[PDB]
A.B. asks: 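Dumping the structure here so I can ask a few things about it.
Atoms considered below: every heavy atom in the structure, side chains included; atoms not considered: hydrogens, waters and symmetry mates. Every chain is numbered from 1 and lettered A, B, ... according to where its sequence line falls, protein lines coming before strand lines. When a ligand or atom number is given, it counts from 1 through the structure's own listing order.
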Protein chains: 2
Amino acid sequence: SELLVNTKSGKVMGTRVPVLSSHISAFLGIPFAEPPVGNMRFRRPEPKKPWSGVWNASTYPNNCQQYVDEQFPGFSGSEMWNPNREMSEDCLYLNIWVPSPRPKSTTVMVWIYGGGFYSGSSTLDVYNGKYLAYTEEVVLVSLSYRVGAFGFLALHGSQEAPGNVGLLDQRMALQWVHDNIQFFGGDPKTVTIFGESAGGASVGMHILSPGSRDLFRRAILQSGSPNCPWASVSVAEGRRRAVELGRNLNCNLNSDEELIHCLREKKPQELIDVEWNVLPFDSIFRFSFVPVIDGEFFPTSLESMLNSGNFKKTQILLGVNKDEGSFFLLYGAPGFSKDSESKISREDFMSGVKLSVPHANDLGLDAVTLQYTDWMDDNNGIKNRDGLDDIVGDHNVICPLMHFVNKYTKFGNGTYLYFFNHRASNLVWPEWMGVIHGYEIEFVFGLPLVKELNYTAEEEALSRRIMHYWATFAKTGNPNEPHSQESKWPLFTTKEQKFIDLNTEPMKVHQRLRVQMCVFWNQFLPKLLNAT
Amino acid sequence: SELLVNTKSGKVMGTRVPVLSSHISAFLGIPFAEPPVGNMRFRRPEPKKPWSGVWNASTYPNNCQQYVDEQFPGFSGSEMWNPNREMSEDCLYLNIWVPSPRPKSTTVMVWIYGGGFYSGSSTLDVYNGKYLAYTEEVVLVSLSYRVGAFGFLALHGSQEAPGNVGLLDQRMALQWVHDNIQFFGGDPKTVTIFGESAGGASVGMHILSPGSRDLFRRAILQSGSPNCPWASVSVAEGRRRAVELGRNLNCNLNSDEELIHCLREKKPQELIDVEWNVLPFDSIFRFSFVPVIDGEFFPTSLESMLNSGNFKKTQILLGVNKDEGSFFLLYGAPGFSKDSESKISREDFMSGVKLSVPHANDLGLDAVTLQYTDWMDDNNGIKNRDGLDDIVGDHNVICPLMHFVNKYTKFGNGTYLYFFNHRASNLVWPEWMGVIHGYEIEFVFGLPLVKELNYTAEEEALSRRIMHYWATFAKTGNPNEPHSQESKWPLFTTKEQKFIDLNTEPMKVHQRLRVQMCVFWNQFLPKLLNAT
Ligand SMILES: CCC1=C[C@@H]2Cc3c(c(N)c4ccc(Cl)cc4[n+]3C)[C@H](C1)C2
Ligand SMILES: CCC1=C[C@@H]2Cc3c(c(N)c4ccc(Cl)cc4[n+]3C)[C@H](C1)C2
Ligand SMILES: *[C@@H]1O[C@H](CO)[C@@H](O)[C@H](O)[C@H]1NC(C)=O
Ligand SMILES: *[C@@H]1O[C@H](CO)[C@@H](O)[C@H](O)[C@H]1NC(C)=O
Ligand SMILES: *[C@@H]1O[C@H](CO)[C@@H](O)[C@H](O)[C@H]1NC(C)=O
Ligand SMILES: *[C@@H]1O[C@H](CO)[C@@H](O)[C@H](O)[C@H]1NC(C)=O
Ligand SMILES: *[C@@H]1O[C@H](CO)[C@@H](O)[C@H](O)[C@H]1NC(C)=O
Ligand SMILES: *[C@@H]1O[C@H](CO)[C@@H](O)[C@H](O)[C@H]1NC(C)=O
Ligand SMILES: [Cl-]
Ligand SMILES: [Cl-]
Ligand SMILES: [Cl-]
Ligand SMILES: [Cl-]
């Protein structure tokens, strides 16, 4: 009854789950698309055909096929991001947590996982929607979408592998929420999409894309934005990477149809095993199969859409973490280690700059180096390490997001900007990595509220604060409760450019988030690279 | 007897001058060249023909023909630099201060005045040699040389106006000292040349030029070095400026001979009146007629000579002032005034940047701006003012000199580097100008020892310290007296790059003078400008 819901495509039976000292309803693994398998690999998704009988929605679904990280086998800090369910191309499912008793018509929040467009799962422990749904009385949906070549192989002009199909997977889940969430007590007119990393970029892409704009009300972007340098490629570059994927697999390259036919015969792990081989440069924070600027999902270049105001005009809430780069340096740059302070030699610093800005000419590399080197103390291994950390984070996350923030706010209806700089007391990664990419997620999803996870009481309060900001913004377009006496998170405005720190200390308002480095990344360096 | 000296060119009769509570001998206005007048304008100097009788050397000579500054008529702070004697092309004379009684064979210091190669006089009150000669028991010579077009008109290929003849004037005075100073009690094997601004560049140029190297022992450079962007031009640019000088005066431009003949028939003031018209750009800290890289006085490019060690290997002592740029901004940049704090708007800041780096493309201007702009506070008029001050001083004086210092020290026999940052208690210029270009000269020449000038006791102590460093270096190649208990001024080395502050406080040693900005000026910006 409470667990038995009739949707437009058939009946679903959820399950009653414990949350803290209470319970809520969970509907796990509801299908929203036809399985994109066989001849449907690389194709746009098709709506799930209606079923008879009762869909058993008591169990998490499979995860999409993806690279699995084996750098630190058994280490919780890396394993927590890997698929925790069987991988399958049959992976287009969504999950819903519903407060008990079922509300009449409440705010909906739809989580879009990140992972560089090459990885990610809706089913990770850290994306468990039950604490947020319970604590804030929202209906929490987590969707899924194809990643890697399966979601983003792009042979523009082919209707068999057009590109962006992972984004269309997301849109079809949004369409399903629009059509069905009312049966779960959600208001389809008050849907907030939120996501981190590639999920944050995705959220921004749905803001931009005309075919997505009417399927949600407002948006939250965490450590990602649509204009990030890793988040899209041109149709020519997508085509080059798809041809090179076939070349790595001894495919007939004479035509799109012959190439696609070859790739559809391969087993999924055969594609994944060569996925990284198509990148044009030795690099970090670059991923092979990503959204393509196609003229269809994206009518024009992202920058022109941003400049002209060709995007959904609504409220947004978004921000970044203090040390976005450390994860990527640990995994891809010389001199970094999980088990040392990772003091970086001058030689390894220069190597890291080249890996971090792979598209830069020698003059551009000199500019980055000069901008981040203290020439009174150039052999300081801590300064070299932290300088590289800032380079990676500023170039790939912080400054792209600030460009988006500044462009969006000219036309939008409300911007709230945050800077998350709390390092968790129980973090398993070493201190040099600081406030790591993605480690705000556990606070957004309320994991500090769980006694057995050993967060401090101050971190529980911060998580409660963040969840309330997020859900109140989702409900009202404003993270602040009116007539409350706590300090107010101010609108980011073009003139004053205010943001807040998110940490365990009382809220502080600042202005011009990393403005000095972002003038370098957003204006001077692009002009230098264009001119040379 | 003491005042009657027979030189190789004839007899001279000096005068006995009071100095503090004692007396010394002065030989003023001794000719060292034939008057460069008539058909000898623009020509290399010729040695002064010997004279019969006794040359009356009791009176300062004429000053060379030059632009006279009328910006602040009657204001001591600017008038103190203007000619204080009649101007004439008949101006190639030198002055000698000799301790009394005459020493047997003592250290010689030869002062070379600055003034952008367009101005300067040996007779300024601030260059009065009597305090240094008396206090430190040296023979103090001040030479003169043709400035402006008269000294540096350059039509390469012509023997009538070859260029660099002002440097040859200096050389001929050095040759005269070599041949004659023994008759005044000076040791021709222990001559130190020292100079400020264009005089400091000149000193470095004699270090470089093979024809000058054997005419002095060691060298002091104050706020000037031979590689300064204002201190030389190419043969092509020198020719262009000479032809443009003729165009401004309705001259026949068909040939060097006709152009030169036209220019030789003009009154001196006619040349001076159009001197600034030949500069290629609106600019500050740029001067029309300067040394030319000719292949003779300078066998190859200054940079190749520095790189190869093609220069005199000896000891050098050199340094800069804290606020080298303020004089040039006051006189040439919008928003600066003698009678106000000169807070600079963003608009006037950008205007000043273009005036300060006139040769830079737009990308180069952006680089300079970004490097000197605090984008958290870009409308701060004080920061904008001081940022421009730093731009002018760093680009034109400090970083060229640090490049010279580093190249020289690889081959030289001892480098001593200073940073003069004491603002005189009795300065007549406003406080925003700080420690002005040229305002260390009055300390080098011992003016604070004159009670009537109202320096503090601490400034008298600083002047005496500086005079003793300069003269002890002149005598020994080391500003420090061994066996002494004074703090020691350390050698500048390639590895440690130490320098001292010169001020009224106890000595501080620092390393890497303005290294961050000078990497920008000496490595990055030239590379940006060469790419584009
Ligand atoms: C690569 C993109 C990516 C983004 C998200 C965040 C993320 C992921 C990881 N596997 C990580 C593995 C090690 C470390 Cl220290 C951080 C990670 N983090 C922060 C996945 C993959 C999800
Ligand atoms: C322009 C070159 C130049 C360098 C020397 C120092 C100098 C000179 C001036 N006329 C100055 C006029 C005003 C001020 Cl505030 C400073 C000046 N200072 C510092 C002459 C001319 C000699
Ligand atoms: C749904 O699946 C779970 C486990 O897969 C099972 O325990 C439950 O009984 C199922 N519901 C049915 C079969 O109605
Ligand atoms: C949002 O839009 C409404 C309706 O036009 C307007 O009244 C309000 O001022 C806007 N708020 C912001 C922050 O732009
Ligand atoms: C959390 O703390 C409890 C109680 O002190 C301890 O038993 C447990 O091992 C801790 N959990 C983790 C994951 O460290
Ligand atoms: C030399 O000139 C000075 C200054 O005018 C004068 O006092 C002196 O009498 C002159 N000497 C002779 C011998 O004329
Ligand atoms: C200067 O040269 C002398 C003689 O060759 C040498 O002994 C001395 O080490 C040199 N000093 C410096 C500071 O280079
Ligand atoms: C020096 O200071 C005294 C006392 O302040 C003053 O009388 C005198 O005029 C000053 N000298 C000059 C040259 O200004
Ligand atoms: Cl079924
Ligand atoms: Cl850190
Ligand atoms: Cl605004
Ligand atoms: Cl100042």
A.B. asks: For A:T123 and A:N95, which I'm curious about, is there any donor-acceptor pair between the side chains at under 3.5 Å?
C.D. replies: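 Judged by distance alone, the side chains do not pair up.
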A.B. asks: For the side chain of A:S119 and the backbone of A:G115, is there at least one donor-acceptor N/O pair under 3.5 Å apart?
C.D. replies: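 Flag set: sc A:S119 to bb A:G115 pair under 3.5 Å.
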A.B. asks: Heavy-atom distances under 4.0 Å decide this one: backbone, side chain, both or neither, for A:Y118 against ligand 1?
C.D. replies: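 Side chain only.
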A.B. asks: When you compare the side chains of A:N454 and A:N426, does any donor N or O come within less than 3.5 Å of an acceptor on the partner?
C.D. replies: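 Not at all, the side chains of A:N454 and A:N426 share no donor-acceptor pair under 3.5 Å.
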A.B. asks: So which heavy atom in the protein is nearest atom 19 (C) of ligand 1, and how far is it from that ligand atom?
C.D. replies: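 Going by distance alone, atom 19 (C) of ligand 1 is nearest to A:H437 O, 2.8 Å.
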A.B. asks: Both conditions, 6.0 Å and 45 degrees, for the charged tip of A:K322 above the ring of A:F419: are they met here?
C.D. replies: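 No cation-pi geometry.
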A.B. asks: Can you list the ligand 1 atoms lying under 4.0 Å from a non-hydrogen atom of A:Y331?
C.D. replies: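 Taking each heavy atom of A:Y331 in turn, ligand 1 has 12 (C), 13 (C) under 4.0 Å.
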A.B. asks: A:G116 heavy atoms, cut-off 4.0 Å: which ligand 1 atoms fall inside?
C.D. replies: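 Close to A:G116: 2 (C).
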A.B. asks: Of all the non-hydrogen atoms in the protein, which one sits nearest to atom 5 (C) of ligand 1, and at what distance?
C.D. replies: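 Atom 5 (C) of ligand 1 sits closest to the protein heavy atom A:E196 OE1, 4.0 Å.
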A.B. asks: Quick check on side-chain hydrogen bond (donor to acceptor under 3.5 Å, both in side chains): which of B:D378, B:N384, B:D377 does B:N380 satisfy it with?
C.D. replies: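 The single option meeting the side-chain hydrogen bond (donor to acceptor under 3.5 Å, both in side chains) with B:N380 is B:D377.
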A.B. asks: Contact between A:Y113 and ligand 1, counting heavy atoms under 4.0 Å?
C.D. replies: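 The answer is no, since A:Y113 has no heavy atom less than 4.0 Å from ligand 1.
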A.B. asks: Any side-chain donor-acceptor pair under 3.5 Å between A:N321 and A:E440?
C.D. replies: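 Present: a donor and an acceptor within the cut-off.
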A.B. asks: Checking a contact table here: which protein heavy atom is nearest atom 21 (C) of ligand 1, and how many Å away?
C.D. replies: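 Residue, atom and distance for the closest contact: A:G115 CA, 3.7 Å.
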A.B. asks: Can you report which non-hydrogen protein atom sits closest to atom 10 (N) of ligand 1, along with the distance?
C.D. replies: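 Going atom by atom, the protein heavy atom closest to atom 10 (N) of ligand 1 ends up being A:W81 CB, 3.4 Å.
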A.B. asks: As an exercise, identify every atom of ligand 1 less than 4.0 angstrom from a heavy atom of A:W429.
C.D. replies: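 Ligand 1 atoms under the 4.0 Å threshold to A:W429: 13 (C), 14 (C), 15 (Cl).
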A.B. asks: Among all protein heavy atoms, pick the one closest to atom 18 (N) of ligand 1 and tell me residue, atom and distance.
C.D. replies: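 Checked against all protein heavy atoms, atom 18 (N) of ligand 1 sits closest to A:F327 CE2, 3.4 Å.
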A.B. asks: Counting distance only, does the side-chain N/O of A:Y113 pair as donor-acceptor with the main-chain N or O of A:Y145 below 3.5 Å?
C.D. replies: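 Indeed, once roles are kept as given, a pair shorter than 3.5 Å links the two residues.
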